[PDB]
Number of protein chains: 2
Amino acid sequence: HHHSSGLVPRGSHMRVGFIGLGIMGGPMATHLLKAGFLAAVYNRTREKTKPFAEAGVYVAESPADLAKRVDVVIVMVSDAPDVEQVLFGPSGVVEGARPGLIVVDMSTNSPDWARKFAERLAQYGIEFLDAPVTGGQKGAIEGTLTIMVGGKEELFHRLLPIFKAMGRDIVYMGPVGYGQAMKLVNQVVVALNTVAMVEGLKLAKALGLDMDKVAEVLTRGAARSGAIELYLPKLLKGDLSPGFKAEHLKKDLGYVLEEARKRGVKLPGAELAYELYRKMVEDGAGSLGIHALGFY
Amino acid sequence: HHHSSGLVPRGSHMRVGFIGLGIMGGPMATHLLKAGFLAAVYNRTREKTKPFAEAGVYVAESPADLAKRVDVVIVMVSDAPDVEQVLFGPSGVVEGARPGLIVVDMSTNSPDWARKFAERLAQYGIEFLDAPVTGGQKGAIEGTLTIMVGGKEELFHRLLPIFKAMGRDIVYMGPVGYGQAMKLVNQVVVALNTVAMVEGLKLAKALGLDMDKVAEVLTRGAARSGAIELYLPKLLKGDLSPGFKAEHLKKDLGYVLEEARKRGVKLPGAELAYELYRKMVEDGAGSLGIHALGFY
Ligand SMILES: NC(=O)c1ccc[n+]([C@@H]2O[C@H](COP(=O)([O-])OP(=O)(O)OC[C@H]3O[C@@H](n4cnc5c(N)ncnc54)[C@H](OP(=O)(O)O)[C@@H]3O)[C@@H](O)[C@H]2O)c1
Ligand SMILES: NC(=O)c1ccc[n+]([C@@H]2O[C@H](COP(=O)([O-])OP(=O)(O)OC[C@H]3O[C@@H](n4cnc5c(N)ncnc54)[C@H](OP(=O)(O)O)[C@@H]3O)[C@@H](O)[C@H]2O)c1
């Protein structure tokens with residue numbers, strides 16, 4: 001069954017359908033639209049698709065309905081089970097895709113999961129890249145994300161224009177799962193950098209320091225970090241909103257620990273950070289930004 | 001007993017004597033010499049004073065001998081007991097200082113220690129500021145240190161030209177001990193940022209990632225940090241040299257934990273970092289840079 005034309009010509013072989021219009025996904029998809037690649041969106045909560053429909057983007061009834069109409073499906077949903085649902089569920093991408101479609105998972109999970117998604121997709125003649133990102137909500141909005149990619153090198157090149165719409169530095173990491181691998185490494189660092197900021201701030205408050213001055217000093221050598229630059233201003237204002245959700249970091253850390261166990265590496269800091277974030281979720285603060293640790 | 005003239009006119013009331021020509025002290029003192037403030041040095045190991053003597057700087061026989069010849073004594077020795085020795089030992093600064101001399105401790109210890117040094121010094125008519133620094137060896141060499149100062153505000157202003165010779169951003173934190181307080185806050189962040197880098201790198205190596213690419217990704221949003229910028233290149237090369245000594249970080253963290261205990265604040269990350277660095281010292285690696293944690 002063929003279909004009517006959409007925003008992006010078929011002959012481009014670059015029609016993109018985007019699944020998951022969240023804190024990251026909405027801005028990423030908007031950038032794709034600005035660049036002329038976005039044909040369609042799907043979001044579980046329909047209301048988030050409204051601003052896209054208002055710009056003429058096709059709003060799909062399901063992932064399958066989206067896949068049948070595009071050449072590249074980008075997924076920016078929460079966790080690996082969520083990716084499994086959108087790709088392999090009853091009305092998932094595989095039910096509508098044609099062979100040669102490429103799936104790009106830009107969410108964070110693990111190398112093992114990326115390899116599994118690729119293997120399953122391959123049965124349907126579907127290609128796969130894992131291209132998780134760093135730079136946060138701000139990067140997504142600004143289009144400056146650093147994107148780290150695993151998969152066929154030829155596909156990385158083919159899709160570079162698409163990645164460039166959303167990000168600035170686009171790095172090919174290696175075969176499938178190597179993007180998630182780099183992301184997990186990144187998350188160890190982000191988590192611990194965040195714990196570092198939160199603990200320093202707790203100490204600074206206990207010591208009665210002037211927060212204007214604390215912020216000035218910390219925004220430099222070499223205490224300074226991405227976590228501080230992205231989140232200290234919000235944190236000082238008591239804005240605990242994401243940002244990056246605590247539950248998502250907890251999930252990332254779990255994947256970090258699984259890899260570390262498999263490989264015989266001891267990561268005591270990552271283990272602590274996982275515990276702290278697990279507790280934050282348990283306590284009901286899973287939807288707050290990670291910068292709210294210790295302050296929720 | 002009056003003395004012959006030295007490099008810096010007495011009428012300036014800005015003659016500086018520098019005690020502790022280590023990784024930080026040598027470059028800091030050199031900057032003071034370039035700026036025309038350095039009259040004298042003292043170092044326990046005489047050989048380190050040679051490059052200063054070659055430029056005409058008076059090499060003192062003791063801290064007392066130095067103090068009698070200068071208006072400002074800057075101390076950049078290792079730990080608080082070392083400061084006590086140079087200030088209050090048998091031939092310490094107090095034995096040669098005249099009332100009105102100002103002591104500036106630029107080393108890292110604690111607010112309690114700064115207050116104690118000031119109180120003891122005050123008996124002799126000696127003024128005191130705690131002005132610890134951040135920016136590392138590189139900052140010291142480049143003259144770009146961020147300097148955080150506790151003490152009389154009037155003295156902070158008086159000494160600004162001196163601080164500016166060594167640093168760029170000079171921040172008045174508050175009364176005596178407030179400089180060390182900010183430094184301790186900074187150290188929580190530096191320690192955890194360092195653990196973050198080391199753990200990420202350990203994971204990256206386990207995952208077989210290309211270190212060129214790992215470095216590129218980490219040198220950005222928002223995994224990026226001062227620790228990464230200062231030390232990742234050395235670490236990738238296997239250069240474990242300080243930099244900032246592990247034993248010194250261990251000492252800083254101990255002071256952090258004392259304050260946290262006094263004030264009822266729980267800092268589980270700082271506690272872990274203290275344990276890790278304590279172990280590093282126990283293992284014989286106390287003189288390596290902090291970036292060598294996990295790799296020594
Ligand atoms: N936020 C950051 O700073 C950041 C940075 C880099 C990477 N990441 C990673 O990127 C991914 C998305 O993060 P985010 O911050 O955009 O999260 P978010 O704001 O929570 O958005 C999650 C999105 O996924 C959708 N979704 C979740 N489960 C689903 C399912 N089972 N079926 C269909 N749709 C589903 C949500 O739909 P609804 O709208 O219906 O809820 C929403 O569109 C996560 O893996 C996160 O770890 C986040
Ligand atoms: N390195 C960094 O990145 C950095 C950055 C900011 C702050 N700091 C802090 O700055 C201070 C100095 O650090 P550093 O890296 O310069 O250390 P360092 O290289 O180990 O130098 C220590 C200096 O103190 C002297 N010293 C130590 N104990 C002494 C004593 N009892 N009597 C007399 N002199 C003594 C040493 O003399 P000898 O030459 O005879 O050994 C040396 O000159 C430390 O408190 C450190 O925590 C360091």
Side-chain angles (χ1 to χ4, degrees), chain A residues 18-28 41-49 63 75-86 89 92 105-109 132-140 145 183 186-187 190 221-222 230 242-245 247-252 287 289-290, chain B residues 18-28 41-49 63 75-86 89 92 105-109 132-140 145 183 186-187 190 221-222 230 242-245 247-252 287 289-290:
Chain A
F18 204 107
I19 300 178
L21 308 170
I23 282 164
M24 303 289 294
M28 286 160 78
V41 293
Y42 175 81
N43 200 65
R44 172 176 64 173
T45 304
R46 158 264 284 212
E47 23 256 78
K48 307 193 193 177
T49 71
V75 179
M76 197 56 171
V77 301
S78 301
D79 190 15
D82 309 301
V83 180
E84 285 180 296
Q85 179 174 31
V86 305
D105 180 9
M106 299 192 77
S107 76
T108 305
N109 41 75
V133 314
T134 183
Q137 177 180 28
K138 180 177 209 285
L145 292 171
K183 183 60 171 168
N186 190 264
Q187 302 307 93
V190 165
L230 299 173
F244 177 35
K245 293 174 181 180
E247 61 169 318
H248 295 342
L249 187 52
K250 187 264 196 190
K251 157 275 273 177
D252 291 350
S287 294
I290 54 169
Chain B
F18 204 107
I19 300 178
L21 308 170
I23 282 164
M24 303 289 294
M28 286 160 78
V41 293
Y42 175 81
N43 200 65
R44 172 176 64 173
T45 304
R46 158 264 284 212
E47 23 256 78
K48 307 193 193 177
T49 71
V75 179
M76 197 56 171
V77 301
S78 301
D79 190 15
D82 309 301
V83 180
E84 285 180 296
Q85 179 174 31
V86 305
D105 180 9
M106 299 192 77
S107 76
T108 305
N109 41 75
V133 314
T134 183
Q137 177 180 28
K138 180 177 209 285
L145 292 171
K183 183 60 171 168
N186 190 264
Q187 302 307 93
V190 165
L230 299 173
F244 177 35
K245 293 174 181 180
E247 61 169 318
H248 295 342
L249 187 52
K250 187 264 196 190
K251 157 275 273 177
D252 291 350
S287 294
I290 54 169

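First listed ligand is number 1; within each ligand, the first listed atom is number 1. The chains referred to below are lettered A, B, ... by the order of the sequence lines, with proteins before strands, and numbering in each begins at 1.
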Nitrogen or oxygen contacts under 3.5 Å, ligand 1 side and protein side:
| from | atom 1 | to | atom 2 | distance (Å) |
| --- | --- | --- | --- | --- |
| ligand 1 | 1 (N) | A:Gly243 | O | 3.1 |
| ligand 1 | 16 (O) | A:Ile23 | N | 3.3 |
| ligand 1 | 16 (O) | A:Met24 | N | 3.0 |
| ligand 1 | 17 (O) | A:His248 | NE2 | 3.4 |
| ligand 1 | 19 (O) | A:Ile23 | N | 2.9 |
| ligand 1 | 20 (O) | A:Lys245 | NZ | 2.8 |
| ligand 1 | 20 (O) | A:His248 | NE2 | 3.3 |
| ligand 1 | 28 (N) | A:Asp82 | OD1 | 3.2 |
| ligand 1 | 31 (N) | A:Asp82 | OD1 | 2.9 |
| ligand 1 | 31 (N) | A:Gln85 | OE1 | 3.0 |
| ligand 1 | 39 (O) | A:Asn43 | ND2 | 2.9 |
| ligand 1 | 39 (O) | A:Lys48 | NZ | 2.7 |
| ligand 1 | 40 (O) | A:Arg44 | NE | 3.1 |
| ligand 1 | 40 (O) | A:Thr45 | N | 3.1 |
| ligand 1 | 40 (O) | A:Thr45 | OG1 | 2.6 |
| ligand 1 | 41 (O) | A:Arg44 | NH2 | 2.9 |
| ligand 1 | 43 (O) | A:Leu21 | N | 3.1 |
| ligand 1 | 43 (O) | A:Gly22 | N | 3.3 |
| ligand 1 | 43 (O) | A:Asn43 | OD1 | 2.8 |
| ligand 1 | 45 (O) | A:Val77 | O | 3.4 |
| ligand 1 | 45 (O) | A:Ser78 | O | 2.8 |
| ligand 1 | 45 (O) | A:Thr108 | N | 3.2 |
| ligand 1 | 45 (O) | A:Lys251 | NZ | 3.2 |
| ligand 1 | 47 (O) | A:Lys251 | NZ | 2.9 |

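- There is a side-chain donor-acceptor pair under 3.5 Å between A:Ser107 and A:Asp105.
- Residues B:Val41 and B:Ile19 have side chains not in contact (no heavy-atom distance under 4.5 Å, counting atoms from C-beta outward).
- Every side chain to side chain contact (heavy atoms under 4.5 Å, CB included) that A:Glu84 has, sequence neighbours left out, goes to A:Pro81, A:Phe88, A:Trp113, A:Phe117, A:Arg120.
- A donor-acceptor pair under 3.5 Å is formed between the side chain of A:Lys251 and the backbone N or O of A:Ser78.
- Applying the side-chain hydrogen bond (donor to acceptor under 3.5 Å, both in side chains) rule to A:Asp79 yields the partners A:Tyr255; only residues at least two apart in sequence or on another chain are considered.
- Residues passing the side-chain hydrogen bond (donor to acceptor under 3.5 Å, both in side chains) test with A:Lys250 are A:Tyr274, sequence neighbours excluded.
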